[PDB]
Every structure is written in structure tokens, then in C-alpha cells.
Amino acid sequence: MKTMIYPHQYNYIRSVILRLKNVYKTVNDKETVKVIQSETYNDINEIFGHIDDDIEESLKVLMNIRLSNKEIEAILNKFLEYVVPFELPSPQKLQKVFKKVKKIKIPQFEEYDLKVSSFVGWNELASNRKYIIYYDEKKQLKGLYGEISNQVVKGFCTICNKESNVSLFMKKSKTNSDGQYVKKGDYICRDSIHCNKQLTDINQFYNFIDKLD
């Protein structure tokens, strides 16, 4: 049985593999290549409690300076087999998370996209909203929405930490007994699917959520 890994761990493995390939291609310093080779081997190896023969072979191929694009493709495809994809909730569970939102519905998602997703986010332009759903560390379905500005700028996304097309996302806290609430937020990728593909550390996502208060 293949070890199960999370989508963000797959994204991380892909990231370090591509970083290594770029070092092979463009960095002429022998000792630097060795340092990055070792770092990459460790970065990938540490994800698994347990590496099997296929991963051992992939690592061997990765550690060769003649690593090719075709070889990378094959290795990425192999690593994808280990991923447990994001599980879209049933309509009844989704509605329980957004009890005050009538008629709510999550757009269809391609299977690869669920394999790289730590959360699912979609925009409803009519209401200028982004909806976000995810599971917490206890595997409970959670959801929120906020206003997403129409203005898009270049900046680093607060969730994935990559330089991207971002918009200001503002969430209202639950309204207290006196009708008062806090409204906080920050810039995040307008396109949450691309955001998820860029997300290699899920703690960044959870930190974003917590910062909304």
C-alpha cells in the first residue's frame, strides 16, 4: 500500500524537483549542485514515514545531473498516485456550513485539481464574494466567505506566499450580541485553484484563516 500524502506535500515535492532541475540546467558550480542535490533528496525523503522501491528509484533518477523533462514528468505522475485528493462535501453538508446562504452550490472541479487542493475557493461576482471551504486538523468541514475586491494587483498571496494576481479578501466575524463585528483580511489569489497549486505549506493557509479572527 502506497503511503498517503496530502496535496500540499505533493505540491512541495513538485516544487523542489523543479528547483533542482533548474539548478542542473543553469548553475555551473559543482559544490552548489551537490548541496542542492542533498537538500532535495532530504526534502522529498522526509515527507514519507516509509519510502518504497518506486520512490527509491525516483530519487536515484532525480540525483543524476542528466535528469530530463521526460523523466520529471514520469516521476511527478508517480508521486501523484500517493495523494489523497480533497473531498468535496455533499450538498447537505455544504449547506450546513453556509446555513444563511440559500441555494449555495460549488462549481464542478477537475480531478487533478482536487489532487492539488488543500482548500476549495470560488468567486460569485454578483455578490462580490469568494467562498472558501476546507477541513481542519480534526478533519471537520469548515467554510467561510468574504468580499473579494474587484481590483486585482500583483503581490504576494497571504495564503500561498507566491507572487500572483491578488485581490483584497475581507471577512466579517460572527456578529456579537450587540450587532457588532470585526472585519479583517488581506490579499490572496483571485484564482483559488492556481492558489492551491502554489500552496506547499498548509500551515500558511491555516494561519491566514486564524488571522481573520
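In case it trips you up, residue 1 is the first one in the sequence shown, and so on.
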> On average, which has the higher Cα B-factor in the deposited entry, 25 to 33 or 175 to 183?
Replying inline: 175 to 183
>> Comparing average C-alpha B factors as deposited, tell me which of 42 to 50 and 155 to 163 sits higher.
In response: 42 to 50
> When the CA B-factors of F79, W122, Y134, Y112 are compared as recorded in the entry, which is the largest?
Replying inline: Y112
> What third of the chain, by the recorded C-alpha B-factor, contains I209?
Replying inline: middle
> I5's Cα B-factor: lowest, middle or highest third of the chain?
Replying inline: lowest
> According to the PDB entry, is the CA B factor of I104 in the bottom, middle or top third of its chain, that is, lowest, middle or highest?
Replying inline: highest
> For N150, does the deposited CA B-factor place it in the lowest, middle or highest third of the chain?
Replying inline: highest
> Going by the entry, which third of its chain does the Cα temperature factor of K142 land in?
Replying inline: middle
